[PDB]
Every structure is written in structure tokens, then in C-alpha cells.
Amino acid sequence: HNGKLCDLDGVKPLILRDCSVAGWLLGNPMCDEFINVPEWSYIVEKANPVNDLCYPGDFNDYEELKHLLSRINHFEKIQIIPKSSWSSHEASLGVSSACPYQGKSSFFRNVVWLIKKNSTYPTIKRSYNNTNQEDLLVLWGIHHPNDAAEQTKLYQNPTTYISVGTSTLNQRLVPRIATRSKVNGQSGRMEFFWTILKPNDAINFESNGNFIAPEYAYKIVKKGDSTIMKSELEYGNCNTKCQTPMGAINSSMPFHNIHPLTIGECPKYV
């Protein structure tokens, strides 16, 4: 027997409602509820969330990012690159009708879709040194335009790159200009990347176009044991030590023929 999706021990789970992990982390405008969330015991995501990447594309190394989250219990968002910091590029025009916010065109909240300015796109050379004591999850992206005219209008420079460097990362990315079928009315694509910036390390960004720059990153402030549970249920005012993807169960009897994936890891199962 079971009830629904409940709370675990004394810590309540993070329940993503129609939003995916990617939409949450990138700041999909349709997921504003998850700005400054508290500690969680485990994370809940639906099988097919409606709000994933408002602007279509891909999240690089997404499965290993999920495995990382299975050992993270709390984030603390911080601003590493203020949007007002961009003086040679336009930072307030990268909005799309694919990313609506209350009817108006918007974009992912934690990253900035930079645009040329004064008919020029000078080379960006920005570095952020993690002076904090915690590990830092940093997110950025690249824009793959649909055609060469779009590349010209947005970034001027026809041949562009993005360079990202840490003590462990040596990444150089070139955009792939190619015509595509439309997704969310968009024929371009946004590809996002992530890395952990260790304390006292520095991430060095360099680009002459197509750069979706970071503004907010996440401090890792607690490293317990979490899971990304796939469930359609909802909170769920209750409490247990063992939880399943289809309901909750208190006390203990080795009877269990429902699901292997269970937070709390209290016996048993077929």
C-alpha cells in the first residue's frame, strides 16, 4: 500500500512541476518558482516535463549532471557576471517568443544572450575566480544559427568561436550554421554546457560571437544523498523514512513489490 509523494525525514523534497532539471538550472522563465529554493532531500521530475528548453537545443553531458545532483542537497545561486557588466555588447535584447514570460518575449534567466553593438562584436575576454569556499556549478551556452544572414545580423563576425578554460577544462566551440526544422517556432538551436569550478580556480571565457554568457552560478552548499525521482504525483502532506516513485510507506516490513528506485534505501524488494 501507499499514499502519494510525501516528505522524507525532516527535509522536504524539491518538486519540479512541469519543469525539467535543465529548465530549473538554466532558469526557464516558465519555472520562476524555483529561484532560491531551500535544501531538499530528493528531487521530483515528471516523465515528460512541458517546460524543458524554451528555446530548443541540447544540454551537454546532461545525464552526468543528473548523477552529480544525486549527491547534492542544496544550492545557493550567486551572480558571477552582472548583466550590466557588458559595455561593448548588448545584453538586454536576447529575448524570444519561444521563451514567454507573462506574454512577453523573454529568455533563460541565469544566462545572457549577448548581441553585437555599434555594428561590432569585439572579442570577449572575461574571467571569474571562485573566491568562495564551495564548489561552483557554472553554466553557459552557444547559439547555432539557422543561416549566415542570421549570424551576420546578430554577431557581425561570420566565423566565430567560444573558448572556455579552467585547470581541468580546455573547451573550444564553433557554431554550426545549418538550416533546421522548426521547434517552438525556432530554426536555430542553443547548446548549453556546464562544469564545476573548484575554489581558487578560475574560468576564462573568450568569444567573438554566439556566446550565451553566464550571469548566475550555483554554490554547492550541501552534499548529502539525493535522487531524481520520476513521478506524476504531488505533495502530499505526509512524512516517511522510505519513499517510492508511486507512493509513500512508513514503518517497515520486508514486503515490497512496487519499485526498486526508492530514497531512504530501507529494505526490501524483489
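The first residue of the shown sequence is 1; numbering continues from there.
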| item | value |
| --- | --- |
| Average Cα temperature factor in the PDB entry - higher stretch of 70-78, 180-188 | 70-78 |
| Mean temperature factor over C-alpha atoms, higher-scoring stretch between 15-23 and 244-252 | 244-252 |
| Residue of maximum C-alpha B factor among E232, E63, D201, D58, per deposited coordinates | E232 |
| Residue with maximal Cα B-factor (values as given in the PDB entry) among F205, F34, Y218, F211 | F34 |
| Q133 - which third its CA temperature factor falls in, relative to the rest of the chain | highest |
